[PDB]
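S.K.: Once you've seen the sequence and the experimental structure below, I've got questions.
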Amino acid sequence: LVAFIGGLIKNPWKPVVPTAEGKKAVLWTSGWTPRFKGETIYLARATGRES
Amino acid sequence: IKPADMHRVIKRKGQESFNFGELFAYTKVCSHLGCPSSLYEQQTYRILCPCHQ
Amino acid sequence: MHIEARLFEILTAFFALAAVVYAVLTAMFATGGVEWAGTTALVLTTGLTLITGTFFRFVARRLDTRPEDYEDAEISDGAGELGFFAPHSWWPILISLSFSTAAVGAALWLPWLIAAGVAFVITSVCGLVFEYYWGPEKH
Amino acid sequence: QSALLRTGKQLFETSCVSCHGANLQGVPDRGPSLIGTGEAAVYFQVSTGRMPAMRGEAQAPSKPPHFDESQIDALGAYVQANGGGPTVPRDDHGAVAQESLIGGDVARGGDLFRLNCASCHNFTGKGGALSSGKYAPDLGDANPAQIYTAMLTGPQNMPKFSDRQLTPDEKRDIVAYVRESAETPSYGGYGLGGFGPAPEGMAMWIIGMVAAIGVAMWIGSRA
Amino acid sequence: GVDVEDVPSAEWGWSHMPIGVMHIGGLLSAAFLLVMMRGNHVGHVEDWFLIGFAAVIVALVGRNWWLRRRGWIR
Amino acid sequence: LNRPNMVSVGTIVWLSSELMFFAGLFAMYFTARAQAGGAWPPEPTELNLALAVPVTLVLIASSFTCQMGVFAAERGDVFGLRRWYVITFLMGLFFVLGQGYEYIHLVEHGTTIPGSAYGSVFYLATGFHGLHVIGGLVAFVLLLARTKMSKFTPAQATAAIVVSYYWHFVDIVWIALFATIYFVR
Amino acid sequence: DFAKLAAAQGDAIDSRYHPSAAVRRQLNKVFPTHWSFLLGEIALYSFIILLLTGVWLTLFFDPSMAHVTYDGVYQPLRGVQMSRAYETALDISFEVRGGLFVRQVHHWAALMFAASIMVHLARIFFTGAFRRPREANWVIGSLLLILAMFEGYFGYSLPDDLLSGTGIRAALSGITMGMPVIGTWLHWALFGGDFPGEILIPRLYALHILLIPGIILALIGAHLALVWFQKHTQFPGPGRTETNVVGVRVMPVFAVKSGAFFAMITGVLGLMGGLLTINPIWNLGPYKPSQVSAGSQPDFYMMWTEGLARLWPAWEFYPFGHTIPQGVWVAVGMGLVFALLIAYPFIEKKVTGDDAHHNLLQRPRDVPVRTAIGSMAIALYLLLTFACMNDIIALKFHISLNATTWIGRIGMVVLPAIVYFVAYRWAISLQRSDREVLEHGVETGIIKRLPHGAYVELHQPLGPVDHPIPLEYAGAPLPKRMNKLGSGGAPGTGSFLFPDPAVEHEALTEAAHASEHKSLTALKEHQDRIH
Ligand SMILES: CCCCCCCCCCCCCCCC(=O)O[C@H](COC(=O)CCCCCCC[C@@H](C)CCCCCCCCC)COP(=O)(O)O[C@H]1[C@H](O)[C@H](O)[C@@H](O)[C@@H](O)[C@@H]1O
Ligand SMILES: CC(C)=CCC/C(C)=C/CC/C(C)=C/CC/C(C)=C/CC/C(C)=C/CC/C(C)=C/CC/C(C)=C/CC1=C(C)C(=O)c2ccccc2C1=O
Ligand code: HEC
Ligand code: HEC
Ligand code: HEM
Ligand code: FES
């Protein structure tokens, strides 16, 4: 049973997302999280179209 | 926000300086179950999530 | 049954006189000629009373006196069988609910609800009309 | 135009002053100010028939227009000249462009509608409910200029889509998608109102299940 | 818990619920309607609707309990 | 047979009330005929008096057949009643189809309920009469089914009599409305 | 020519497998002919449709979350970036002849499957067929109901469109994520990570075409095996007893009836799949986390869940550094409901102490408490279902959204109590009507005025008269109209337009009357002898 279910068990808190403060869990981060301590993140509208 | 209503803005502790004048930015993810709370009623300034109202 | 008829053509006579008087008094001495709404309604009120009175008069021309139309009648004269009166039925409430569904569908203009209410009306009227005529199940 | 402005003023003074103040500044607790709204706002309010209103409530509903096209143009000219703001796109002959507003790209109009608009009506603009008595109406019976001016001047609880937030080509794409979705027949059969699983379940319970139970009653026996 | 005079077909199936279940059910329903006044809403019309319905439920339970306690209702 | 039949008298009084309903519709029509100014019907309305006469004649024929079916049902012959009422049902259906066809041809020629006041009154009155005709057709179908489902008692004959009463009221109202619309104009 | 072939085939079959005794036992099995005993069969037949169409849909569906550009035939989505599952669903709807028809027949069959399972559950619950020895069969049925609900959920989640993707994100992600201790672990076991992952659709496809269908197939097999070898229940009647089954044998009445019902159900499903549109995916577009629609409702068998989440009032808990969100309530809600559905026979067995073998069903009026509870549960389910649809109700019927929300909130308390009270009184009143009929006789609707002025109604006694001797209630339905006892007579035989000669009418009517007397006499002799 352990060798069966164990392939599905994933730690949700394994730091996998880069951040200007190291590696952090997915649920703690989004695309707005800066990644090199001074990153310019623009608020971009979706034109719904190339670019 | 229309300036004629900017006096009505009450600001959260620790976020008093997150707006740039009349422009506020919030998440488009409902805090209940993650649906896009994407119904902006301007005359009531109400953000509405259609998944569970 | 002469009394009921006679009442109806009395109403007919008065209604016809009033309708003609209204038509004449509006054709001349009114602002825009005949009024065309009171006149129509009064003429067809005359028609309503006329139809009812004429049918009752044709019934009275074809009827020997009943106990209830006969003074000095004795209860024993009226003895016998009266007819069929429904002992119980729950179809009227269903017919009313169906017509209410249709009315709501046509108040808030929803053609699908109108069609559903109309189908429900046909079904409940069928149930009411067929209630004492459905035979025993075949099996 | 002097005649046009005078006709607009003589229409406004007998249809709008009781709520808008007779100098286009609002009546305190009847109506808002009318400075800056412009010809586009006037056209969308009157040509839709929403305006004049009659009751102060959660939302003013759409009605048959209370004037004609020329009178709507006169009122738009009046409110525009007294204030100043957005205008309706005109055509080569002085009217408002209807076919010219129909955009080419309908996939892009659909993407823009789903990102900006479908959140309040639905996927195909069939309408949706709002917080307190308000709602976003069904878009089917609205000509292109009304759609364009509703985007351009958000009336009430509609976000305002300026010409730089939604460019004219984007607005025309959205207009094209809305008209296409209104005018497209359902392919799978009878579209059950275009709302999804709710009419589908009602149809199953009232047609499929009713017919199935009736057939079972026919085949089976009582007692 | 019932007689043939009250429920004719009593021998045929489950036909009685103890009145305690109904009384505590009414009290709990009233408590739920009351506790729904704590939450997130600006307006207070719904609070008065909840109070009115809770009052009706408590009045019904109180009358039923009183009449069974005095003997009229059984 | 020394007493009156109450289903008949109830049907008669209710038919008189329905006559009053059509009185309301006639009052709607006559007004706005006097406001047009003589251009009645106004353009682009051109009454198709070549299809309206045939449906009127078919309605009169259906009334005759319905009375013949009443004659059949008065002597207890359920099958003759069924035949005459099926014929009446088919011819009333033809009348409804002709009315719909004239509706279609008129709407195609710019005459609609929102289009004009004449259109408003004309379609209102004629459509309500058509709804009454459709109700009569439903009554015919229900009566035929009831005759199919039980032995033909005098109660069935009474039901057929009152259904024919309703049909006679309907086509008399249509005669009046045809004379008012396509003749007086 | 075929008689010799039949005889030779039967001889070969008997010489090789000797099935004669068993086949004869299965052909002589007696099934009662009540209409409600057909309800379960609907859930069977639709399921078979769900298999058939399902296999068809497996020949064209690619359940990949990989993102591609459409370049299909549907113009209003040309150049739109979508998942591979959405594109293949579009290809089914537009590029395969009859693909739209198969999709719609499949979705309609799913809806009928759910609805017929619900109606069959209502029949089983109100008739008391869950009683001993049929408790495990109720457990199996409840498991089948839950499995069908989740199977349909996964099914319409398969094409990754805006509506189904929004439903996935709301329910299967938000509720799972918020569970107290293992919620995020469950979410990352199921999705393989965060919600907008890459493995969800293939996993749901595998669960939905193979795993859940296999479990449901095995459970339906065990279910029908139990029903077959635990012979069907029956209602109390003339010839009925706890120790017998009265009905028709399998060959040929029951087999032909079941086959014809299958054909008619297939006809209804085909007509609905052709003439009615269901799930027009191409109008919704590909799923995008940044977009949503106003009309966000699942298929109806899940709607109640959303209604619960719409009505429960934002009650959250904050223990030491931890959050227990509102969605947890919803989960518990569902759990409790499912629990309360699985163990109902044992709950009633404990409460009433009734642990006796039961083969004769109960009329719902004879069990007012259980009927009241069932009406209460149905009222609550309907209220939650409509509270799920309160945005559409608000839009179409002019009512504010907050009004429908508060009506639902107050109703989920007030309405079940009113419905319980009304159902209880209504059941007892139906009992009283039965007793009135049994004690005075059927009211014929005929009124006579006696010579002294007495208006009396003619009563038709159902038994002998001394005024009738009052008969004893025997758990069976009673006639209350005289046309149902044969008083309405028979119409003249013919073709609805032309009569047959009176000799044929006499022969047929006399033969039918003789047959009816013979059948009633046979039932009377069997009843008298056995008792
Ligand atoms: C099984 C019977 C089904 C027969 C199907 C067999 C027919 C064969 C071919 C079918 C082809 C499809 C039919 C026409 C193709 C078609 O779809 O036609 C729609 C029309 O729909 C309507 O309303 C018309 C309603 C009249 C239909 C009445 C039948 C409905 C039944 C099925 C409902 C019974 C269940 C009742 C439920 C409740 C009962 C319980 C209380 C467009 O209406 P539209 O005028 O453009 O407005 C819309 C708006 O949503 C909006 O205005 C929008 O702006 C527009 O874009 C358009 O969507
Ligand atoms: C929750 C609540 C209180 C709602 C009240 C709104 C309402 C119906 C008010 C009516 C006024 C009242 C209260 C009248 C009382 C008198 C009575 C008893 C009337 C009975 C008739 C009623 C209540 C009818 C309403 C039935 C009803 C609400 C059904 C649910 C609505 C549903 C499921 C709509 C689904 C549905 C939609 C939305 C379509 O667009 C569509 C388009 C094309 C074909 C089919 C459909 C379809 O089925
Ligand atoms: C009182 C019943 C009013 C009458 C008379 C007129 N208007 Fe109005 N208007 C009124 C309200 C309460 C509102 C805002 C809320 C709403 O339901 O719309 C408005 C709004 C407008 C607007 C839009 C303003 C904006 O910022 O978008 C316009 C352009 C407008 N009103 C014009 C207008 C015209 C032309 C009128 C005469 C036909 C008129 N209003 C009358 C209230 C009332
Ligand atoms: C918030 C919810 C929105 C958003 C994001 C959009 N719309 Fe709509 N809309 C909304 C409301 C409350 C109203 C009512 C207008 C009023 O009460 O004065 C409308 C109206 C429209 C209309 C007019 C429909 C008609 O009168 O026939 C149209 C054509 C329309 N809305 C379209 C539309 C488009 C194209 C949008 C995306 C740019 C869009 N809406 C968004 C509410 C809301
Ligand atoms: C109780 C059994 C089942 C239920 C309730 C059910 C329900 C559904 C529903 C509602 C859909 C949505 C279809 C649409 O919206 O277009 C769906 C999709 C699908 N079903 Fe099923 N299904 C069942 C069994 C099966 C089986 C047994 C198979 C395969 C043998 C299958 C194959 C599919 C496939 C491949 C899809 C996705 C393709 C598409 O959506 O067009 N289903 N299912
Ligand atoms: S996800 Fe927004 S309210 Fe539920």
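M.R.: Sure thing, it's come through. Numbering: from 1, shown residues only, chains lettered A, B, ... in the order given. Ligands and ions are numbered 1, 2, ... in the order given.
S.K.: tell me the SS of the residue of chain E found nearest chain A?
M.R.: For chain E and chain A, the shortest gap (CB to the nearest CB) falls at residue E:40, measuring 24.6 Å. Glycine gets a C-beta too; all of them are placed from N, C-alpha and C. Under the three-state scheme (DSSP: H, G, I helix; E, B strand; the rest coil), residue E:40 adopts coil.
S.K.: OK, contacts around the nearest residue to it once chain neighbours are set aside?
M.R.: The shortest distance from residue E:40 to any non-neighbouring residue, by CB to CB, 6 or more residues apart in numbering or on different chains, is to residue G:314 (5.4 Å). For residue G:314, the contact set (CB atoms under 8 Å, 6 or more residues apart in numbering or on different chains) comprises E:39-40, G:326.
S.K.: Report the separation between the residue of chain E closest to chain A and residue B:32.
M.R.: Distance of residue E:40 to residue B:32, computed by CB to CB, to the nearest Å: 11 Å.
S.K.: returning to what we had before: relative to residue A:3, which of the contacts of residue G:314 is nearest.
M.R.: Nearest to residue A:3, judged by CB to CB, of the contacts of residue G:314 is residue G:326 at 37.1 Å.
S.K.: coming back round to it: more neighbours, residue E:40 and residue B:32?
M.R.: More neighbours surround residue B:32 than the other of residue E:40 and residue B:32, with 20 against 6 (other CB atoms under 10 Å in any protein chain shown).
S.K.: Tell me how far the more buried one lies from residue F:36.
M.R.: Remark: distance between residue B:32 and residue F:36 (CB to CB) = 62 Å.
S.K.: in what helix or strand does residue G:443 lie?
M.R.: Here residue G:443, judged by DSSP states H and E, is contained in strand G:442-449.
S.K.: Can I get that strand in PDB? Just the C-alpha atoms.
M.R.: In PDB, the C-alpha atoms belonging to strand G:442-449 read as follows (Å, rounded to 0.1, in the frame of the first residue of the first chain):
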ATOM      1  CA  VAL G 442     -67.300   4.400  -2.200                       C
ATOM      2  CA  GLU G 443     -69.100   7.700  -2.800                       C
ATOM      3  CA  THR G 444     -70.700   7.400  -6.200                       C
ATOM      4  CA  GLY G 445     -71.400  11.100  -6.700                       C
ATOM      5  CA  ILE G 446     -75.200  10.400  -7.100                       C
ATOM      6  CA  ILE G 447     -77.600  12.500  -5.000                       C
ATOM      7  CA  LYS G 448     -81.200  11.500  -4.300                       C
ATOM      8  CA  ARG G 449     -83.900  13.600  -2.700                       C
END
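S.K.: anything in it sitting right up against chain C?
M.R.: Yes: judged by CB under 8 Å from any CB of the partner chain, strand G:442-449 and chain C are in contact via G:443-449.
S.K.: Find the residue closest to residue 23 in space, skipping its chain neighbours.
M.R.: Assuming you mean chain A. residue A:15 (3.5 Å).
S.K.: I was thinking of chain B, sorry if that wasn't clear
M.R.: Counting by CB to CB, 6+ apart, residue B:23 lies nearest to residue B:1, which is 7.9 Å off, once chain neighbours are set aside.
S.K.: quick one: contacts for the residue most central in space within chain E?
M.R.: In chain E, the C-alpha nearest the mean C-alpha coordinate belongs to residue E:26, at 3.1 Å (CA atoms, centre = their mean). The contact partners of residue E:26, taken as CB under 8 Å, 6+ apart, are E:57-58, E:60-61, G:417.
S.K.: re earlier: mind checking how far the residue nearest to residue E:40 is from chain A?
M.R.: Distance, residue G:314 to chain A, using CB to the nearest CB, to the nearest Å: 22 Å.
S.K.: repeat for residue G:267
M.R.: Computed as CB to the nearest CB, the residue G:267 to chain A distance reads 44 Å.
S.K.: ok, then the element right after the helix or strand hosting that residue?
M.R.: Assigned by DSSP H and E, residue G:267 falls within helix G:255-275. Following helix G:255-275 in sequence order, the next helix or strand is helix G:300-311 (DSSP H and E).
S.K.: That next one and ligand 6 in contact?
M.R.: No: among the residues of helix G:300-311, none lie within reach of ligand 6 under CB under 6 Å from any ligand atom; the closest is 6.7 Å away.
S.K.: just checking, what packs against that helix?
M.R.: helix D:197-203, helix G:99-127, helix G:135-157, helix G:327-342, helix G:368-388, helix G:401-440 (3 or more CB pairs under 8 Å, 6 or more residues apart in numbering or on different chains; DSSP states H and E).
S.K.: re earlier: could you list the residues in contact with the strand holding residue G:443?
M.R.: Under CB under 8 Å, 6+ apart, the answer for strand G:442-449 is C:75, C:78-88, C:132, G:455-460, G:462, G:479-482, G:485, G:487.
S.K.: From the contact counts, what lies against the longest helix along chain E?
M.R.: Looking across chain E with DSSP state H, the single longest helix is helix E:45-70. Packing contacts for helix E:45-70, counted by 3+ CB pairs under 8 Å, 6+ apart, involve helix E:19-35, helix G:401-440.
S.K.: And residue G:421, how far from residue G:364?
M.R.: Distance of residue G:421 to residue G:364, computed by CB to CB: 16 Å.
S.K.: of the two, who's got more company?
M.R.: Neighbour count, other CB under 10 Å: between residue G:421 and residue G:364, residue G:364 has more, with 23 against 14.
S.K.: Could you measure from the more buried one over to residue C:94?
M.R.: For residue G:364 relative to residue C:94 (CB to CB), the value is 20 Å.
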